[PDB]
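Each reported figure results from applying straightforward, stated rules to the coordinates on display, with no laboratory input. In this analysis, Cβ positions are derived from the backbone assuming ideal geometry, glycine residues included, and neighbour counts consider all displayed protein chains.
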There are 2 protein chains.
Amino acid sequence: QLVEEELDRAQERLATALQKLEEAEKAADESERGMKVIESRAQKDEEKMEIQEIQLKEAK
Amino acid sequence: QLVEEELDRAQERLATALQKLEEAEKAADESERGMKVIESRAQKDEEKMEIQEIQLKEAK
């Protein structure tokens with residue numbers, strides 16, 4: 001009766017939470033992806049910077 | 001009793017849903033923190049290496 005109506009309410013909250021968790025998982029994973037690619041860029045540009053400044057020293 | 005067991009088990013399940021959502025969004029937050037700090041790092045490193053390559057070419 002009303003108890004099964006409560007069941008339906010609980011399960012619809014459940015489904016809403018499932019959609020939410022799917023969105024959150026996608027967001028977190030893509031965020032980690034961006035994180036790793038930017039870390040790679042930072043390391044490589046730091047290496048380029050150091051070699052450039054050493055060459056500048058030699059040139060001076 | 002089938003309705004009541006569905007009710008209470010789905011209640012524990014929505015509790016699990018909320019807690020896994022919370023940990024997922026916390027992982028999202030820490031990922032965003034890593035992202036923003038490495039964005040700052042990439043920015044400063046790139047601007048520095050640009051200035052340095054400019055200074056090297058001018059010195060040459």
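If the condition is being facing chain B (nearest Cβ under 7 Å) and under 15 Å from residue B:29 (Cβ atoms), then the range A:18-56 contributes A:24, A:25, A:27, A:28, A:31, A:32, A:34, A:35. Please identify the pairs in which a residue from the range B:1-13 that is free of Cβ contacts under 8 Å to residues at least 40 places away in the same chain and under 18 Å from residue A:15 (Cβ atoms) has its Cβ atom under 7 Å from the Cβ atom of a residue that is small (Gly, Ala, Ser) and assigned to a helix (DSSP H, G or I), counting only partners at least 6 apart or on another chain. Partner pairs satisfying both residue conditions: B:7/A:10; B:10/A:10; B:11/A:10.
Looking only at residues of the range A:7-17 that are within 15 Å of residue B:19 (Cα to Cα) and facing chain B (nearest Cβ under 7 Å), we find that the one that is nearest to the chain's Cα centre (by Cα) is A:17. Of the residues making up the range A:18-51, just one is among the hydroxyl-bearing types (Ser, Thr, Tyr) and either loosely packed, with under 12 Cβ neighbours inside 10 Å or more than 19 Å from residue B:22 (Cα to Cα) (or both), namely A:40. Is it the case that some residue within the range B:31-43 is assigned to a helix (DSSP H, G or I), among the β-branched types (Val, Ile, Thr) and touching a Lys or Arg at 6+ places or on another chain (Cβ under 9 Å)? Yes: one or more hits.
The conditions of being under 9 Å from the mean Cα position of the chain (by Cα), assigned to a helix (DSSP H, G or I) and either within 27 Å of residue B:39 (Cβ to Cβ) or touching a residue at least 40 places away in the same chain (Cβ under 8 Å) (or both) are not met by residue A:24.
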